[PDB]
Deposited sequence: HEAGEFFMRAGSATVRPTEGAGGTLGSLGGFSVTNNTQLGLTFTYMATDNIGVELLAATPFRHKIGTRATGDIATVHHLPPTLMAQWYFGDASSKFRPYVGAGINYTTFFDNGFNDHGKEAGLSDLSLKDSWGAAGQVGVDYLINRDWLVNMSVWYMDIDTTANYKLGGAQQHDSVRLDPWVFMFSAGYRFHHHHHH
């Protein structure tokens, strides 16, 4: 597999970790991954996706603002078994980068006096465990479980300027996908 380059396309579901309430909704997007096989086990993977849309809310108010973000992640991977194996599970470690954007309070949020919402970027440790089933020499199916440190702060104006709340997304990411190989 050394020298190989493959791409996976599939769904990438993001399940944040418990951010009244103040909770963040789950969300699935088109997840694409680009991996380069350093040497039959070591590979470099890049995770990309369509922009994620999340909702924020108190069980008292219901949704009150919606958020968007790109969580690109770079990872060093270890593929168990040899090139010849057709069932190659793997573990990976790397760094994450999330960029929030196009964030805003609902009408109801506004009603409650919320305004001007924005979130600062994030960087963090990231790890994964997943398996690639190599059907043909050109195709594979795949599952993957990621975990990323995605801590960030929200700045808004509740009536005046109570704009400082930390948000700990620390999401678990699941990805079911198929992939094509370019030797």
| property | result |
| --- | --- |
| Deposited-sequence segments unaccounted for in the coordinates | 1, 21-28, 193-197 |
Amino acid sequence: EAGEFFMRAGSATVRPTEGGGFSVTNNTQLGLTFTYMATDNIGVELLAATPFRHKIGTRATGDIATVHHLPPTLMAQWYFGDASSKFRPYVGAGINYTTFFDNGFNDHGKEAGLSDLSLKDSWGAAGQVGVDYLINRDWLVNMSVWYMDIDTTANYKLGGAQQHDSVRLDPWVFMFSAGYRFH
From here on, numbers count along this sequence of modelled residues.
| query | finding |
| --- | --- |
| Higher-B stretch (mean Cα B-factor, as the entry records it), 119-127 or 66-74 | 119-127 |
| Residue range whose averaged C-alpha B-factor is higher in the record, 138-146 or 35-43 | 35-43 |
| Third of the chain, ranked by Cα B-factor, where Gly10 sits | lowest |
| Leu114 - which third its CA temperature factor falls in, relative to the rest of the chain | middle |
| Third of chain Cα B-factors occupied by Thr153 | highest |
| Third of the chain's Cα B-factor distribution that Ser23 belongs to, per the entry | middle |
